[PDB]
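Enquirer: these chains are from a complex, not moved at all, and more is on the way:
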Amino acid sequence: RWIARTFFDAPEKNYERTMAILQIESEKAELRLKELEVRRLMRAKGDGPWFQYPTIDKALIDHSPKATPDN
(Lines give C-alpha, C1' and ligand atoms only; values in the text may rest on other atoms or scores of the structure.)
Protein backbone atom coordinates (compact mmCIF):
# COMPACT_ATOMS: atom_id res chain seq x y z
CA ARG A 1 0.00 0.00 0.00
CA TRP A 2 2.87 2.38 0.75
CA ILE A 3 4.51 1.47 -2.58
CA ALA A 4 1.27 2.26 -4.40
CA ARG A 5 0.87 5.46 -2.38
CA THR A 6 4.29 7.04 -2.78
CA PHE A 7 5.38 5.98 -6.29
CA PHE A 8 2.66 4.67 -8.57
CA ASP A 9 -0.37 6.14 -10.32
CA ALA A 10 -4.09 5.58 -10.04
CA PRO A 11 -5.84 3.67 -12.84
CA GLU A 12 -8.10 6.73 -13.13
CA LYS A 13 -5.12 8.93 -14.04
CA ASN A 14 -3.68 6.50 -16.58
CA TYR A 15 -7.11 5.54 -17.93
CA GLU A 16 -8.20 9.09 -18.68
CA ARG A 17 -4.72 9.71 -20.10
CA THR A 18 -5.23 6.84 -22.57
CA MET A 19 -8.69 8.11 -23.50
CA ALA A 20 -7.54 11.71 -24.08
CA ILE A 21 -4.55 10.47 -26.06
CA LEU A 22 -6.77 8.38 -28.34
CA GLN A 23 -8.95 11.45 -28.92
CA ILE A 24 -5.87 13.47 -29.95
CA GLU A 25 -4.43 10.92 -32.33
CA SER A 26 -7.83 10.08 -33.83
CA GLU A 27 -8.06 13.76 -34.80
CA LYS A 28 -4.55 13.46 -36.28
CA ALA A 29 -5.35 10.36 -38.37
CA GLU A 30 -8.64 11.76 -39.69
CA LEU A 31 -6.98 15.04 -40.67
CA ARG A 32 -4.17 13.14 -42.41
CA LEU A 33 -6.47 11.02 -44.60
CA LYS A 34 -8.65 14.05 -45.34
CA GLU A 35 -5.47 15.94 -46.31
CA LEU A 36 -4.43 13.38 -48.89
CA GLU A 37 -7.95 13.13 -50.35
CA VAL A 38 -8.17 16.93 -50.66
CA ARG A 39 -4.74 16.93 -52.31
CA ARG A 40 -5.62 14.25 -54.86
CA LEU A 41 -8.91 15.87 -55.91
CA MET A 42 -7.31 19.33 -55.97
CA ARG A 43 -4.56 18.09 -58.27
CA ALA A 44 -7.14 16.27 -60.40
CA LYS A 45 -9.52 19.17 -61.03
CA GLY A 46 -7.47 22.24 -60.12
CA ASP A 47 -10.22 24.25 -58.44
CA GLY A 48 -8.25 24.84 -55.25
CA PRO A 49 -5.65 27.43 -54.27
CA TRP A 50 -2.70 25.01 -54.04
CA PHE A 51 -1.74 23.77 -57.50
CA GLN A 52 -1.92 26.95 -59.56
CA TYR A 53 1.19 27.36 -61.65
CA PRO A 54 1.55 31.00 -62.74
CA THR A 55 0.08 31.89 -66.12
CA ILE A 56 0.35 35.19 -68.00
CA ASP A 57 -0.17 38.38 -66.01
CA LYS A 58 -2.54 40.51 -68.10
CA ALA A 59 -1.56 43.89 -66.60
CA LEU A 60 1.06 44.31 -69.32
CA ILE A 61 -1.63 43.74 -71.97
CA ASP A 62 -2.30 47.40 -72.77
CA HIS A 63 -4.96 47.96 -75.41
CA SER A 64 -4.44 51.25 -77.23
CA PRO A 65 -4.84 52.79 -80.69
CA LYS A 66 -2.19 51.00 -82.77
CA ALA A 67 -0.67 51.76 -86.17
CA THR A 68 -2.48 49.17 -88.32
CA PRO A 69 -6.29 49.31 -88.04
CA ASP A 70 -6.87 45.58 -88.45
CA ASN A 71 -4.88 44.21 -85.52
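Expert: That came in fine, so what should we check first? Numbers count the residues shown, from 1 in each chain, chains lettered A, B, ... in the order given.
Enquirer: residue A:65 and residue A:14, how far apart?
Expert: 81 Å (C-beta to C-beta, to the nearest Å). Using the backbone N, CA and C atoms, a C-beta is placed for each residue, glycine as well.
Enquirer: between those two, tell me which one has more neighbours.
Expert: Shown here are residue A:65 and residue A:14; by other C-beta atoms under 10 Å, residue A:14 has more neighbours (11 against 5).
Enquirer: quick one: residues contacting that one.
Expert: Shown in contact with residue A:14 (C-beta atoms under 8 Å, 6 or more residues apart in numbering): no residues.
Enquirer: here's chain B, add it to the model above:
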Amino acid sequence: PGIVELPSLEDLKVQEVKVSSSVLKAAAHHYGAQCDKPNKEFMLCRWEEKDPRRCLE
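Expert: Chain B goes in next, on the same frame as the chains above:
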Protein backbone atom coordinates in the same frame (compact mmCIF):
# COMPACT_ATOMS: atom_id res chain seq x y z
CA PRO B 1 -16.82 26.22 -88.40
CA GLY B 2 -19.13 29.08 -89.37
CA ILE B 3 -18.34 30.19 -92.93
CA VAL B 4 -17.54 33.79 -93.79
CA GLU B 5 -19.89 36.38 -95.24
CA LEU B 6 -18.56 38.73 -97.91
CA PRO B 7 -20.33 41.49 -99.85
CA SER B 8 -20.56 40.81 -103.57
CA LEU B 9 -19.65 43.19 -106.40
CA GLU B 10 -23.18 44.60 -106.44
CA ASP B 11 -21.89 47.02 -103.78
CA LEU B 12 -18.08 47.12 -104.08
CA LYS B 13 -17.91 49.52 -107.04
CA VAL B 14 -17.32 53.20 -106.41
CA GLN B 15 -15.77 55.26 -109.19
CA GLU B 16 -12.14 55.32 -108.10
CA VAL B 17 -9.92 58.37 -107.87
CA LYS B 18 -7.91 57.46 -110.96
CA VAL B 19 -5.09 59.92 -110.47
CA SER B 20 -1.64 58.65 -109.76
CA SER B 21 0.56 59.03 -106.70
CA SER B 22 2.45 62.22 -107.61
CA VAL B 23 -0.48 64.62 -107.85
CA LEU B 24 -2.21 62.87 -104.95
CA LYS B 25 0.83 63.51 -102.77
CA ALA B 26 1.16 67.07 -104.06
CA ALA B 27 -2.46 67.97 -103.28
CA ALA B 28 -2.32 66.82 -99.66
CA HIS B 29 -2.74 69.84 -97.37
CA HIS B 30 -5.70 71.37 -99.19
CA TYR B 31 -7.28 67.91 -99.27
CA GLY B 32 -6.93 68.02 -95.50
CA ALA B 33 -8.33 71.56 -95.40
CA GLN B 34 -11.62 71.58 -97.33
CA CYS B 35 -12.46 67.88 -97.19
CA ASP B 36 -11.50 65.41 -94.42
CA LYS B 37 -14.11 66.68 -92.01
CA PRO B 38 -16.30 63.58 -92.67
CA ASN B 39 -13.44 61.10 -93.15
CA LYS B 40 -12.88 60.93 -89.41
CA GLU B 41 -16.26 59.21 -89.12
CA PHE B 42 -14.79 56.53 -91.42
CA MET B 43 -11.52 56.35 -89.51
CA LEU B 44 -13.23 56.26 -86.11
CA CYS B 45 -15.45 53.48 -87.48
CA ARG B 46 -12.41 51.55 -88.65
CA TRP B 47 -10.50 51.95 -85.39
CA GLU B 48 -13.42 51.21 -83.05
CA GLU B 49 -14.73 48.19 -84.97
CA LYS B 50 -11.81 46.30 -86.49
CA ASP B 51 -13.93 45.06 -89.41
CA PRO B 52 -13.91 46.14 -93.02
CA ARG B 53 -17.16 44.92 -94.60
CA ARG B 54 -18.66 47.20 -91.97
CA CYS B 55 -17.47 50.78 -92.60
CA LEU B 56 -17.56 50.60 -96.41
CA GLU B 57 -20.42 53.12 -96.66
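Enquirer: ok, now which ones touch residue A:70?
Expert: By C-beta atoms under 8 Å, 6 or more residues apart in numbering or on different chains, the contact set of residue A:70 is B:50, B:52.
Enquirer: if you set the cut-off to 10 Å instead, what comes out?
Expert: Residue A:70 makes contacts with B:46, B:50, B:51, B:52, as judged by C-beta atoms under 10 Å, 6 or more residues apart in numbering or on different chains.
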